[PDB]
Amino acid sequence: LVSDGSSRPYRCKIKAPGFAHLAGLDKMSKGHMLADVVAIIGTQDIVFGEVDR
Amino acid sequence: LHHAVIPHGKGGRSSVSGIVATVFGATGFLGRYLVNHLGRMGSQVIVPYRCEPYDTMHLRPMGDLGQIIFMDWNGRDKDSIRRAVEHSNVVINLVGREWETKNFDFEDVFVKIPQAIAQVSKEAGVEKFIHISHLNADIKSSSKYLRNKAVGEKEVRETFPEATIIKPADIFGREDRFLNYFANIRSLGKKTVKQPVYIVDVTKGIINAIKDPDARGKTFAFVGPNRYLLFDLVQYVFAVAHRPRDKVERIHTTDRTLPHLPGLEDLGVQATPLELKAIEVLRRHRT
Amino acid sequence: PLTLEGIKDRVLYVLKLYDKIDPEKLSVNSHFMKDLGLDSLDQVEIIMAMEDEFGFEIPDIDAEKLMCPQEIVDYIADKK
Amino acid sequence: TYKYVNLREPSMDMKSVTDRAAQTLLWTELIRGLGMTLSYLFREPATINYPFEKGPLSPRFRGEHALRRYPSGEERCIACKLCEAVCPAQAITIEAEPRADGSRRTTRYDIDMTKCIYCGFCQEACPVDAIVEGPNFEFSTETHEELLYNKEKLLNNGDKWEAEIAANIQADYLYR
Amino acid sequence: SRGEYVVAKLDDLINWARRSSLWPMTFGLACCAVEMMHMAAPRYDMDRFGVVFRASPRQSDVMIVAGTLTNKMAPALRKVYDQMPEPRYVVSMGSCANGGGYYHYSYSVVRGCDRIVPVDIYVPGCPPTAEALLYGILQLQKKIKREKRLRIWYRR
Amino acid sequence: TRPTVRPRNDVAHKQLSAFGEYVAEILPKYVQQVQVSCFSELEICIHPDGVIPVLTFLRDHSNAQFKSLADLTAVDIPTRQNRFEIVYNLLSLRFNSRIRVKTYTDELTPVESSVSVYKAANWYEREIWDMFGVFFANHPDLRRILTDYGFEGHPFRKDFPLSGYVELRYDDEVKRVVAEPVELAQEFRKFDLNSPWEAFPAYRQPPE
Amino acid sequence: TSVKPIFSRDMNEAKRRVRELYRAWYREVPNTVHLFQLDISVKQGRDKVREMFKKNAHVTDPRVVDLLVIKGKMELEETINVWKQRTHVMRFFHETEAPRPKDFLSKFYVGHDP
Ligand SMILES: NC(=O)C1=CN([C@@H]2O[C@H](COP(=O)(O)OP(=O)(O)OC[C@H]3O[C@@H](n4cnc5c(N)ncnc54)[C@H](OP(=O)(O)O)[C@@H]3O)[C@@H](O)[C@H]2O)C=CC1
Ligand code: SF4
Ligand code: SF4
Ligand code: SF4
């Protein structure tokens, strides 16, 4: 949070573990095949709402 | 006149534009594009149907939130039609099956339908009534279609005289009849010279003339830009598409200009040719 | 059949084949940019159009150095 | 404090290694899974027969957006604009006027059902309990015109019942 | 008029045949998808209504648009809509999708899924409680009970 | 003051004060501020050239380990000439502490692309480029991610208003989806909530 | 005053990269109008391309030119892949009106647009 002396926050921002966990997908999945990639998307819990921030 | 028929602000998506249009038809082709351009203009459209609401469902979200409104009409009673045109700025008449049904001929749709609607309209007090007609629909022969249209033309010209009787030539587009029959072939080849006019210039002309007053009373006719032979056009269709009785008679029958009546140039719309849009629309060939 | 004159004739009719040039009005000292009313946009159009016509790539600085019909013909005579 | 996993080795003793081999070549714990699933077959499943039996709830569900009124009295809303001041998608639209009497009242009290996220904030913000989130949740509306409430729709919906709303509030006017 | 009588009876049979099973496709963008999978749950059934949850688009009867439509989403959504057989119906589930919703005054959001595909059944809620969605599909079925296509064809 | 008001530890405050004084005096090329708030979370305010050198210092050195990376946003402040604030936020695995590396920057001159030492910063810097337009020279790939492709405007600025300029609709004219200038159905009302009367006397600024 | 620019020294390198970027768009166009099964003549698309170039010839500040070059390179990448669909490519065009001209009396009829 970044607050002006205010009742409106000037700037909120959210660190999302979904974003951080989607961030390393190449280096997690350089040496496998596509069904394993779907398992990789599974094994780091995704909601895709929070990956948007 | 009262407020909320006056235009408001810019255009598009429930900007309160001018005309409140009662349309008879519009579940077919040209009326569907016409409702589309009035939704772009942002005009409230009252349309009655008669079929299942699934068809008016797949043409429903053309308007914005709650602009267009749906109700029922029938080819028999004045009360339902009158209730559908109780309050209207303008009304347009576009109707017709191109084969006789069990219960309807080419007679009495083209005859009997403009009678009752013009009756309740002139008792109702609508303005800028636009009645379409096929081009070169005569008292002459070869079509119950064309002669019933000529009788309806004389009806709409005589009673309610300041109707814009409008006529395009035979149109082509995404859901053309005659180019579809050119695809639905086999064959036979004749001669007839013919000008094709694309559908979007037609419906642009109709919405511009209906929104621009002082251009009333006069019948108009819409012109194809090329005007050449039918069989050369069939060779053009097979060339662009990569592959080597009433409809065929009524395309072989009559294609001409009428120098009496004014056309596109009293409206200020650019003519889209056959070639551009025909290349745009001829998909659905081999790969 | 690879001389200066055959290359200049094929360069000449593709100068004919470009649309906005009005007319060709060829000269050894034509300078179609400013003496004929063209753009550096159209300069680079014509340069890579000649590249599209008959061969070698003509990169950026040599595409800038031409500005002129016969200088194109002579620079191809250098390069080809 | 930590309690981690996967710290063992396959035991080199002959009984344990032939047991892992027996599971490998005899398809055993797969059949153990089949046995567990058939145990759930032989239970009675827990479904509710929907159009007759309705799934349970709380006294504090947030549904219908109904209005209330005084005992044999007029409209409970003062039009004090707090609900539109708090409405986090601004779906309230209040235009207020007095009438010929003198008590301050409304003209236009509109709830969009599209923007209304169903908070509860307008219930909590109401000083007189004018708007109340209703009990029933069955809207199912075939046309988008019909999902835009007017004040008259809200008053009819507050006069199709109060007895449910009154019972819910009179049970739980003590928590909030 | 037993011709008309056979028309009405056969129309009842075919439309009951349509509305009987109605396997959907769950498009499911956001948390409305979680509540839809909670009406896939063992308590609120879908087997009873013949309703088979199925990711197949090619055989989709109805389509449950739920979640939150975005500008990046919309052309792919309508491409999903096109490769679909023409007897088809749409349930707009959720306050986000049937009118923009809580992210209404925003960029990158189409103001409701009306502006892409036509909508038969709106059902509001955030999330629409699984019970209420099941009521919405029941009133979809009653819309299917009144559709009179074969009546219109015979007296057409 | 003791019930229902959160008490604090001055010990952590003294520790962070000494640590910030240390870091500030041993990298004096770029430090302009080391500020410590009341509840002991460190802020270091930095010129936009010591990005790579200071982060290479702060990843290592065994007195401040701080491997863990988080948020990078550049809080859009007008009434400055250097508008944007790139905020690194760093966490120590070894010491359990949070330091906010605030570096300042302007509209058009790049900071130096912290992805060289921070493999988490790749989509973070891509996000900052997409929402703002802060450029990152010496970077592998800059694209638009978390926006539409054909959309532009860099929307998380203050110049970009709340509604977008464009608004999609399907139309059957050209049989596809198009974009139009925005035709709102309602105003998005605007409540002048900034009440007067000086709710905090300590944070007053000197008037002119 | 210290300003550290992207690429530029004078506008010569600006001219150089922008003419090469235009060459990239020229050989970009026919492949894409064939790939997306589009419906527009190649002449028209290329003239709208060069019209979009000729809109912003009025800027001489070289950092602005650098940022323009990088933007155009981004979208040439994203259309030389298949990452952008038919919708965005048509969205560059305006085949749906948008009719509004700059006549005085036309804006005096459809009111309150000065
Ligand atoms: N090239 C061309 O096709 C040209 C056509 N025209 C004219 O344009 C008009 C529209 O053409 P088009 O769209 O192709 O044809 P349509 O048959 O599709 O249009 C007629 C519309 O009115 C409805 N309708 C027709 N008869 C009845 C009836 N008895 N009761 C109720 N509804 C009826 C139709 O079916 P439904 O009832 O299911 O809604 C349809 O919605 C026609 O009148 C045609 O003569 C003019 C010039 C050229
Ligand atoms: S808070 Fe209650 S009394 Fe006040 S305006 Fe809203 S509903 Fe009416
Ligand atoms: S529940 Fe929330 S969104 Fe709905 S009217 Fe009340 S305050 Fe507004
Ligand atoms: S309506 Fe509520 S539950 Fe549904 S997608 Fe939107 S935020 Fe999620």
# chains A, B, ... in the order shown; residues from 1 in each chain; ligands from 1
call {"tool": "closest_atom_pairs", "arguments": {"of": "chain A", "to": "chain F", "cutoff": "10 Å", "atoms": "only C-alpha atoms", "output": "tab-separated table"}}
result
residue	atom	partner	partner_atom	distance
A:2	CA	F:75	CA	8.4
A:5	CA	F:200	CA	8.0
A:6	CA	F:194	CA	6.9
A:7	CA	F:194	CA	7.4
A:8	CA	F:194	CA	8.6
A:10	CA	F:75	CA	8.8
A:11	CA	F:75	CA	6.9
A:12	CA	F:75	CA	9.4
A:13	CA	F:73	CA	7.9
A:14	CA	F:71	CA	7.8
A:15	CA	F:71	CA	6.2
A:16	CA	F:70	CA	9.3
A:19	CA	F:123	CA	8.6
A:20	CA	F:120	CA	7.3
A:21	CA	F:120	CA	9.6
A:22	CA	F:123	CA	9.5
A:23	CA	F:123	CA	6.7
A:24	CA	F:120	CA	7.7
A:51	CA	F:146	CA	9.6
A:52	CA	F:146	CA	7.1
A:53	CA	F:146	CA	8.4
call {"tool": "residues_near_ligand", "arguments": {"ligand": "ligand 2", "cutoff": "9 Å", "atoms": "only C-alpha atoms and all ligand atoms", "output": "MDAnalysis selection string"}}
result
chainID D and resid 67 76:86 92 94 96 105:106 109 122:132
call {"tool": "write_last_selection", "arguments": {"atoms": "N, CA and C atoms", "output": "mmCIF file, in the first residue's frame"}}
result
data_model
loop_
_atom_site.group_PDB
_atom_site.id
_atom_site.type_symbol
_atom_site.label_atom_id
_atom_site.label_comp_id
_atom_site.auth_asym_id
_atom_site.auth_seq_id
_atom_site.Cartn_x
_atom_site.Cartn_y
_atom_site.Cartn_z
ATOM 1 N N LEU D 67 -37.231 -4.401 0.268
ATOM 2 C CA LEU D 67 -37.477 -3.247 1.116
ATOM 3 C C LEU D 67 -38.392 -3.602 2.272
ATOM 4 N N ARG D 76 -39.933 2.829 4.575
ATOM 5 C CA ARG D 76 -38.946 2.977 5.620
ATOM 6 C C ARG D 76 -37.773 3.823 5.165
ATOM 7 N N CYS D 77 -37.556 3.941 3.861
ATOM 8 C CA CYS D 77 -36.407 4.672 3.353
ATOM 9 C C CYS D 77 -36.613 6.168 3.482
ATOM 10 N N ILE D 78 -35.630 6.823 4.076
ATOM 11 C CA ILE D 78 -35.594 8.271 4.182
ATOM 12 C C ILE D 78 -35.019 8.890 2.924
ATOM 13 N N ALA D 79 -34.375 8.080 2.077
ATOM 14 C CA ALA D 79 -33.466 8.498 1.004
ATOM 15 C C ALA D 79 -32.317 9.305 1.587
ATOM 16 N N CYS D 80 -31.539 8.627 2.416
ATOM 17 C CA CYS D 80 -30.402 9.256 3.045
ATOM 18 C C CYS D 80 -29.101 8.916 2.351
ATOM 19 N N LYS D 81 -29.161 8.316 1.167
ATOM 20 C CA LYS D 81 -28.058 8.186 0.213
ATOM 21 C C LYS D 81 -26.837 7.430 0.730
ATOM 22 N N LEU D 82 -26.921 6.783 1.888
ATOM 23 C CA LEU D 82 -25.757 6.083 2.403
ATOM 24 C C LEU D 82 -25.458 4.843 1.601
ATOM 25 N N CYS D 83 -26.492 4.168 1.128
ATOM 26 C CA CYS D 83 -26.275 2.963 0.356
ATOM 27 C C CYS D 83 -25.632 3.281 -0.983
ATOM 28 N N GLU D 84 -26.010 4.392 -1.603
ATOM 29 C CA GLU D 84 -25.313 4.762 -2.823
ATOM 30 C C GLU D 84 -23.955 5.370 -2.531
ATOM 31 N N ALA D 85 -23.758 5.904 -1.338
ATOM 32 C CA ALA D 85 -22.423 6.351 -0.993
ATOM 33 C C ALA D 85 -21.481 5.197 -0.707
ATOM 34 N N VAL D 86 -21.998 4.034 -0.320
ATOM 35 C CA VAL D 86 -21.116 2.912 -0.036
ATOM 36 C C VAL D 86 -21.083 1.882 -1.133
ATOM 37 N N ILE D 92 -26.735 1.271 -6.871
ATOM 38 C CA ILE D 92 -27.794 2.113 -6.363
ATOM 39 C C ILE D 92 -27.827 3.393 -7.175
ATOM 40 N N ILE D 94 -30.067 6.850 -6.475
ATOM 41 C CA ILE D 94 -31.093 7.518 -5.690
ATOM 42 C C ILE D 94 -31.226 8.944 -6.175
ATOM 43 N N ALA D 96 -33.773 11.968 -4.897
ATOM 44 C CA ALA D 96 -34.698 12.177 -3.803
ATOM 45 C C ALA D 96 -35.483 13.464 -3.995
ATOM 46 N N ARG D 105 -38.342 12.234 1.195
ATOM 47 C CA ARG D 105 -38.504 10.966 0.526
ATOM 48 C C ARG D 105 -37.811 11.098 -0.813
ATOM 49 N N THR D 106 -38.215 10.285 -1.747
ATOM 50 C CA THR D 106 -37.379 9.824 -2.838
ATOM 51 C C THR D 106 -37.897 10.421 -4.120
ATOM 52 N N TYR D 109 -35.260 5.060 -7.002
ATOM 53 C CA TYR D 109 -34.429 4.187 -6.195
ATOM 54 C C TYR D 109 -34.162 2.959 -7.038
ATOM 55 N N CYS D 122 -24.759 -2.282 1.952
ATOM 56 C CA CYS D 122 -25.899 -1.384 2.000
ATOM 57 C C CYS D 122 -26.882 -1.794 3.075
ATOM 58 N N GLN D 123 -26.888 -3.062 3.456
ATOM 59 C CA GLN D 123 -27.658 -3.436 4.626
ATOM 60 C C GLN D 123 -27.032 -2.867 5.881
ATOM 61 N N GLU D 124 -25.708 -2.984 6.015
ATOM 62 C CA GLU D 124 -25.070 -2.513 7.238
ATOM 63 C C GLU D 124 -25.062 -1.000 7.320
ATOM 64 N N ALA D 125 -25.082 -0.334 6.181
ATOM 65 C CA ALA D 125 -24.995 1.109 6.152
ATOM 66 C C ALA D 125 -26.331 1.763 6.366
ATOM 67 N N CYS D 126 -27.399 1.009 6.251
ATOM 68 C CA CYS D 126 -28.705 1.601 6.343
ATOM 69 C C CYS D 126 -29.003 1.922 7.792
ATOM 70 N N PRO D 127 -29.322 3.163 8.118
ATOM 71 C CA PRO D 127 -29.572 3.499 9.510
ATOM 72 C C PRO D 127 -30.925 3.053 9.986
ATOM 73 N N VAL D 128 -31.874 2.826 9.084
ATOM 74 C CA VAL D 128 -33.240 2.531 9.471
ATOM 75 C C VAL D 128 -33.682 1.155 9.015
ATOM 76 N N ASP D 129 -32.758 0.362 8.463
ATOM 77 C CA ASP D 129 -33.011 -0.957 7.874
ATOM 78 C C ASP D 129 -34.023 -0.876 6.740
ATOM 79 N N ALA D 130 -33.822 0.082 5.849
ATOM 80 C CA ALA D 130 -34.739 0.223 4.729
ATOM 81 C C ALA D 130 -34.518 -0.879 3.711
ATOM 82 N N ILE D 131 -33.345 -0.940 3.135
ATOM 83 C CA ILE D 131 -33.049 -2.023 2.216
ATOM 84 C C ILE D 131 -32.576 -3.226 3.016
ATOM 85 N N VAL D 132 -33.065 -4.406 2.660
ATOM 86 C CA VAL D 132 -32.640 -5.639 3.294
ATOM 87 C C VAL D 132 -32.356 -6.639 2.197
#
call {"tool": "closest_residue", "arguments": {"among": "E:18, E:23, E:103, E:55", "to": "ligand 3", "atoms": "only C-alpha atoms and all ligand atoms"}}
result
E:103
call {"tool": "interface_residues", "arguments": {"of": "chain G", "to": "chain C", "cutoff": "7 Å", "atoms": "only C-alpha atoms", "output": "list in words"}}
result
residues 16, 19 and 20 of chain G
call {"tool": "write_last_selection", "arguments": {"atoms": "N, CA and C atoms", "output": "short mmCIF file (atom, residue, chain, number, x, y, z; two decimals), in the first residue's frame"}}
result
data_model
loop_
_atom_site.label_atom_id
_atom_site.label_comp_id
_atom_site.auth_asym_id
_atom_site.auth_seq_id
_atom_site.Cartn_x
_atom_site.Cartn_y
_atom_site.Cartn_z
N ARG G 16 17.87 5.86 -40.25
CA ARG G 16 18.37 4.55 -40.66
C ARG G 16 17.50 3.42 -40.10
N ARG G 19 13.89 3.61 -41.62
CA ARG G 19 13.74 3.13 -42.99
C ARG G 19 13.89 1.62 -43.04
N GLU G 20 14.72 1.06 -42.16
CA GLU G 20 14.81 -0.39 -42.12
C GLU G 20 13.54 -1.00 -41.53
#
call {"tool": "select_by_dssp", "arguments": {"residues": "chain A", "states": "alpha helix (DSSP H)", "output": "list in words"}}
result
residues 17, 18, 19, 20, 21, 22, 25, 26, 27, 28, 34, 35, 36, 37, 38, 39, 40, 41, 42 and 43 of chain A
call {"tool": "write_last_selection", "arguments": {"atoms": "N, CA, C and O atoms", "output": "mmCIF file, in the first residue's frame"}}
result
data_model
loop_
_atom_site.group_PDB
_atom_site.id
_atom_site.type_symbol
_atom_site.label_atom_id
_atom_site.label_comp_id
_atom_site.auth_asym_id
_atom_site.auth_seq_id
_atom_site.Cartn_x
_atom_site.Cartn_y
_atom_site.Cartn_z
ATOM 1 N N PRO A 17 1.776 -15.110 -5.562
ATOM 2 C CA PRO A 17 2.552 -16.339 -5.731
ATOM 3 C C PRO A 17 2.227 -17.059 -7.010
ATOM 4 O O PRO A 17 3.076 -17.796 -7.519
ATOM 5 N N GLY A 18 1.028 -16.860 -7.546
ATOM 6 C CA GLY A 18 0.729 -17.376 -8.865
ATOM 7 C C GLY A 18 1.596 -16.755 -9.941
ATOM 8 O O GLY A 18 2.092 -17.457 -10.826
ATOM 9 N N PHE A 19 1.810 -15.440 -9.866
ATOM 10 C CA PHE A 19 2.679 -14.792 -10.836
ATOM 11 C C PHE A 19 4.114 -15.265 -10.669
ATOM 12 O O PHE A 19 4.787 -15.601 -11.656
ATOM 13 N N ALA A 20 4.573 -15.339 -9.423
ATOM 14 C CA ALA A 20 5.942 -15.768 -9.177
ATOM 15 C C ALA A 20 6.163 -17.224 -9.570
ATOM 16 O O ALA A 20 7.249 -17.584 -10.025
ATOM 17 N N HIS A 21 5.146 -18.063 -9.436
ATOM 18 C CA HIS A 21 5.310 -19.464 -9.776
ATOM 19 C C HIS A 21 5.131 -19.719 -11.258
ATOM 20 O O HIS A 21 5.714 -20.664 -11.791
ATOM 21 N N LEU A 22 4.352 -18.899 -11.951
ATOM 22 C CA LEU A 22 4.323 -19.036 -13.395
ATOM 23 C C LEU A 22 5.596 -18.489 -14.018
ATOM 24 O O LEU A 22 5.927 -18.859 -15.148
ATOM 25 N N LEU A 25 8.723 -21.020 -15.802
ATOM 26 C CA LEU A 25 8.136 -22.228 -16.361
ATOM 27 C C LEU A 25 9.062 -22.902 -17.361
ATOM 28 O O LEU A 25 9.084 -24.135 -17.422
ATOM 29 N N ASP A 26 9.848 -22.127 -18.116
ATOM 30 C CA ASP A 26 10.809 -22.708 -19.053
ATOM 31 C C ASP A 26 11.868 -23.512 -18.324
ATOM 32 O O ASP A 26 12.140 -24.672 -18.666
ATOM 33 N N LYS A 27 12.458 -22.918 -17.297
ATOM 34 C CA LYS A 27 13.498 -23.610 -16.565
ATOM 35 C C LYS A 27 12.945 -24.700 -15.674
ATOM 36 O O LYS A 27 13.709 -25.562 -15.234
ATOM 37 N N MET A 28 11.646 -24.708 -15.408
ATOM 38 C CA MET A 28 11.102 -25.903 -14.793
ATOM 39 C C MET A 28 10.757 -26.978 -15.810
ATOM 40 O O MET A 28 10.712 -28.153 -15.448
ATOM 41 N N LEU A 34 4.397 -32.824 -22.986
ATOM 42 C CA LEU A 34 3.317 -31.856 -22.784
ATOM 43 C C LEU A 34 2.367 -32.249 -21.655
ATOM 44 O O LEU A 34 1.843 -31.378 -20.944
ATOM 45 N N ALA A 35 2.106 -33.545 -21.486
ATOM 46 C CA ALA A 35 1.270 -33.971 -20.372
ATOM 47 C C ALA A 35 1.968 -33.711 -19.048
ATOM 48 O O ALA A 35 1.321 -33.351 -18.055
ATOM 49 N N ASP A 36 3.291 -33.833 -19.039
ATOM 50 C CA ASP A 36 4.043 -33.407 -17.879
ATOM 51 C C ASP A 36 3.940 -31.906 -17.673
ATOM 52 O O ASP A 36 3.971 -31.450 -16.532
ATOM 53 N N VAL A 37 3.785 -31.126 -18.744
ATOM 54 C CA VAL A 37 3.623 -29.682 -18.589
ATOM 55 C C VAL A 37 2.292 -29.370 -17.926
ATOM 56 O O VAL A 37 2.213 -28.506 -17.044
ATOM 57 N N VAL A 38 1.244 -30.104 -18.300
ATOM 58 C CA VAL A 38 -0.055 -29.946 -17.646
ATOM 59 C C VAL A 38 0.031 -30.349 -16.176
ATOM 60 O O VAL A 38 -0.538 -29.689 -15.295
ATOM 61 N N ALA A 39 0.817 -31.383 -15.883
ATOM 62 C CA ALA A 39 1.086 -31.716 -14.486
ATOM 63 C C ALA A 39 1.899 -30.631 -13.779
ATOM 64 O O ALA A 39 1.752 -30.454 -12.570
ATOM 65 N N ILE A 40 2.751 -29.903 -14.502
ATOM 66 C CA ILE A 40 3.524 -28.829 -13.886
ATOM 67 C C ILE A 40 2.616 -27.663 -13.526
ATOM 68 O O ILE A 40 2.691 -27.108 -12.422
ATOM 69 N N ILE A 41 1.727 -27.298 -14.450
ATOM 70 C CA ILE A 41 0.682 -26.310 -14.177
ATOM 71 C C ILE A 41 -0.194 -26.747 -13.013
ATOM 72 O O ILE A 41 -0.611 -25.919 -12.198
ATOM 73 N N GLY A 42 -0.404 -28.048 -12.852
ATOM 74 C CA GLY A 42 -1.114 -28.511 -11.674
ATOM 75 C C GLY A 42 -0.318 -28.355 -10.388
ATOM 76 O O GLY A 42 -0.834 -27.849 -9.389
ATOM 77 N N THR A 43 0.952 -28.775 -10.394
ATOM 78 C CA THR A 43 1.702 -28.977 -9.157
ATOM 79 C C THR A 43 2.143 -27.681 -8.504
ATOM 80 O O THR A 43 2.612 -27.705 -7.364
#
